[PDB]
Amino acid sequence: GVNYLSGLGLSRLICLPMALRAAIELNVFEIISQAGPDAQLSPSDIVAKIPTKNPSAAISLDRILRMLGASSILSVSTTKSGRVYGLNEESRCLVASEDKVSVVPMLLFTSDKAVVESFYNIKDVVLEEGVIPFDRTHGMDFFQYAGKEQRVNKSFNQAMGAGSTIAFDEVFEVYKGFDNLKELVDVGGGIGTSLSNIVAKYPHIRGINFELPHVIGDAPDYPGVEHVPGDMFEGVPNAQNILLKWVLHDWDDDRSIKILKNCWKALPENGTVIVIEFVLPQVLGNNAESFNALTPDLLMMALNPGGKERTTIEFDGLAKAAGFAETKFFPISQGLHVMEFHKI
């Protein structure tokens, strides 16, 4: 006794995110917020702000909007003139507010043509050992594909850029392990902008930006930020403390352990490696904490199958395997963790 009719509804799964992508690219969500909170708007109202001459723009727009509303991405009320759509707890994070940037750049990256087309081959990871779906799909490394096509390169750096500052704004409120440092080497720090932000919140830290020479060349002079080039696999510059923000998750356990051993060497006694990652919860459910680790884990499955998200248990396992003595875990919010690897 099986109802296949309601099976055909599962085609909603591929439709929804593409409905969301359209609404994002049409600024639907900003228009609704610039009309004040608890403001539900009409399609005609919304399209009024959309630069189009199309007669049947409001009609077309609703086809997108009423799918979003059906699956609870917009609040819906039913006037007589038609349906009327506002923001709810899901969609309010699609509009920035002053410098608090939104998740839009991350949603636009993880649904990009290049990424999505590489998701058609994630089964190859199960079937053929060591295969990389993105590289099969496009016949080149992901970063190679960034260099050749700039839309893909720009969305990636915006996504992670956005991503990092959303995460840091919450670690600064909640994580107090920064308050009494005087030196921090960021491993893989880029040009140092994330680090120069940390220095500004905690000026007492003399920051070191450790990064491949070919990156730190262009680096601007940030106050309290010193650039030193190098390869984290040939060694890590000595410093009181180390910072690893979303670096462990790009690597399999072998090269993580390699990284964290090389970390251990530079640290003094009583030194700490700060790790900033999302943490796969011990028990997955339909909740924010879970999906914040499952969806990056699936992205890597397509782009970097060696990379992976990890649990508290597994993270401690990497730390002990590398030689670290004690591990403390400070959950921030939604599965984001700050973790310290202590050398005692």
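When you see a residue number, it is the position in the sequence shown, counting from 1.
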* Which is higher in the entry, the mean Cα B factor of 34-42 or that of 300-308? -> 34-42
* Between the two ranges 248-256 and 172-180, the one averaging a larger CA B factor in the entry -> 172-180
* Third assignment of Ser333 from its chain's C-alpha B-factors -> middle
* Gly82: which third of its chain by C-alpha temperature factor? -> highest
* To do: Quick one: classify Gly69 as lowest, middle or highest third of the chain based on its Cα B-factor.
  => lowest
* Rank-wise, by C-alpha B-factor, drop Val152 into the lowest, middle or highest third of its chain. => highest
* Asked: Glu89's Cα B-factor: lowest, middle or highest third of the chain?
  -> highest
